[PDB]
Amino acid sequence: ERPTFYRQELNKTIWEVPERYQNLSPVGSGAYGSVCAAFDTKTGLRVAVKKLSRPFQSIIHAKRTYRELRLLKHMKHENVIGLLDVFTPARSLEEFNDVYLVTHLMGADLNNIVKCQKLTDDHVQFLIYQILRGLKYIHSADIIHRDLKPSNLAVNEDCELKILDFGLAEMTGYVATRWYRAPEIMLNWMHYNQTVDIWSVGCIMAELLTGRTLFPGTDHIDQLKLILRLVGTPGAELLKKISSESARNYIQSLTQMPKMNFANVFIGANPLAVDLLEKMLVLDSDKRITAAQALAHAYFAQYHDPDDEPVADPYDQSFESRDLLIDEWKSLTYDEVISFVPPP
Ligand SMILES: Cc1ccc(C(=O)NC2CC2)cc1-c1cc2cnc(NC3CCOCC3)nc2n(C)c1=O
């Protein structure tokens, strides 16, 4: 049966949630809505509750609401944010207007852990291993993050990590919103594959190893120059693959530079970490190491377990190429809310 709801004002909005969720407290923004910490009295867990802001105001909003819910309902992995609950105060489809999403509450994000300082090699091993384990799973479902960064890697006290905000994607200037992006998507070179996320992992791993942003560009061009100084200018082979004639033409105009020595860039770092970095930070996305391949790298020998790195069940995203009206997206969303079954 339907739980009893109570009303409360939180982020200049009235949150209506089941009684089981108590002591709601703002913890900031999430993707397409604000997030509150809460105590789930039924499970004894601290949870994160995101209220989607105007989930059905446009076709774009309605489709993205459906998109997020489908993603959350599918993902069942230790290193990937999962859905504990989804609710609406609405008693019917015609009343249906608000969507709330409930996940585990994590203690911090990876930015909070970095704090201008280096981390130990074993801690870097454990953190990056978990990211790649989570990415292997996500990528196996043909889902791409596209915007992986320290702020969407959530970690608890004992360094257990979950990936947030995948499958959904202010890019101007000296900002962490662009520092982790693969150049092929930063400058719209081509149709981009899953290893855009592996570029991001490389950027994050370097930062955990040095305590410093790898490519802190002040803008798109400055960031590209920082990147190419490290990995070298593209060869003829990659140039052909740049389907954007405009992007390719600009690239060829640049003075050619050789790849730098990563051992001279990351002094004192584990030679295996350096090796893995060289395989992640490859300009040609076709040649970049994959998550599955990275997990088998010698750098993760003490964590790697081929029988404990699962892939996802088939994920039907045929809806992505479907044109529908707001009410049609809204009804599909409602069906998904109603049919939800909580995890064990
Ligand atoms: C509530 C929720 C629902 C959906 C998704 C999501 O990832 N959707 C795309 C489709 C996959 C993410 C969340 C989510 C969880 C969350 C958990 N803990 C914490 N803890 C915070 C403490 C303070 O430090 C930063 C982390 N912040 C969080 N945030 C911000 C969130 O957005």
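All residue numbers refer to positions in the sequence shown, counting from 1. When reading the values below, keep in mind they use all heavy atoms of this one structure, side chains included, and skip hydrogens, waters and symmetry mates. Remember, it's 1-based here, ligands and their atoms both numbered in the order they're listed.
Rounded to the nearest 0.5 angstrom, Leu69 CG and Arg64 CZ are separated by 14.0 Å. For the atom pair CG of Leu228 and CD of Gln223, the computed distance is 10.5 Å after rounding to the nearest 0.5 Å.
Side-chain contact check for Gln125 and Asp121: at least one donor-acceptor pair (N or O, by modelled atom type) lies under 3.5 Å.
Among protein heavy atoms, the minimum distance from atom 2 (C) of ligand 1 is reached at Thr103 CG2, 3.7 Å. Nearest protein heavy-atom neighbour of atom 23 (C) of ligand 1: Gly107 O, 4.3 Å. Here the protein heavy atom with the shortest distance to atom 14 (C) of ligand 1 is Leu164 CD2, 3.9 Å. The protein non-hydrogen atom at the shortest distance from atom 18 (N) of ligand 1 is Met106 N, 3.0 Å. In this structure, the protein non-hydrogen atom closest to atom 30 (C) of ligand 1 is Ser29 O, 3.8 Å. Closest protein heavy atom to atom 12 (C) of ligand 1: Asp165 OD1, 3.9 Å. Looking at atom 16 (C) of ligand 1, its nearest protein heavy atom turns out to be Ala48 CB, 3.7 Å.
Atoms of ligand 1 lying under 4.0 Å from at least one heavy atom of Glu68, given by number and element, are 4 (C), 5 (C), 6 (C), 8 (N), 9 (C), 10 (C). For ligand 1, the atoms lying closer than 4.0 Å to a non-hydrogen atom of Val35 are 31 (C), 32 (O). Interface of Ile81 with ligand 1, defined as ligand atoms under 4.0 Å from a residue heavy atom, comprises 6 (C), 7 (O). Atom numbering of ligand 1 starts at 1 in the shown order; those under 4.0 Å from a heavy atom of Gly30 are 32 (O). Interface of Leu168 with ligand 1, defined as ligand atoms under 4.0 Å from a residue heavy atom, comprises 9 (C).
Using 4.0 Å as the threshold, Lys162 has no heavy atom nearer than that to any atom of ligand 1. Using a non-hydrogen distance threshold of 4.0 Å, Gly28 does not register as a contact of ligand 1. Taking a 4.0 Å cut-off on heavy atoms, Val27 fails to register as neighbouring ligand 1. A heavy-atom separation below 4.0 Å is found between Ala108 and ligand 1.
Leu230 and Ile185 are assigned to two separate hydrophobic clusters, defined by single-linkage of ILVMFWY side chains at heavy-atom distances under 4.5 Å.
Contact check on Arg133 versus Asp308 returns a salt bridge, with a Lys/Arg side-chain nitrogen under 4.0 Å from an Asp/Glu carboxylate oxygen.
Among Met75, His145, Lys50, the residue whose heavy atom lies closest to atom 1 (C) of ligand 1 is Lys50. Closest heavy-atom approach to atom 25 (C) of ligand 1 among the candidates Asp109, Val80, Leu52: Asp109.
Environment of CZ in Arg46: sparse, with no more than 12 heavy atoms of neighbouring residues, nucleotides or ligands closer than 6.0 Å. For NZ of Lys259, the number of neighbouring non-hydrogen atoms (other residues, nucleotides, ligands) closer than 6.0 Å is greater than 12.
Screening residues 211-221 for side chain to side chain donor-acceptor pair (under 3.5 Å), with sequence neighbours left out, gives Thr218-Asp222.
When the options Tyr315, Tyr137, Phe340 are evaluated for a ring-ring contact (aromatic ring centres under 6.0 Å, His included) with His74, the one that passes is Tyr315.
For an aromatic pair to be called close, the ring centres must be under 6.0 Å apart, and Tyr180 with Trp199 fails this.
Classification of the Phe87-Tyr21 ring pair by plane angle, with boundaries at 30° and 60°, yields parallel. Between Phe300 and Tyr129, the ring planes are tilted. Angles from 30° to 60° get that label.
By the criterion of a heavy-atom distance under 4.0 Å, the backbone of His104, and not its side chain, is placed next to ligand 1. Of all the heavy atoms of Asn152, none lies under 4.0 Å from any atom of ligand 1, so neither backbone nor side chain is involved.
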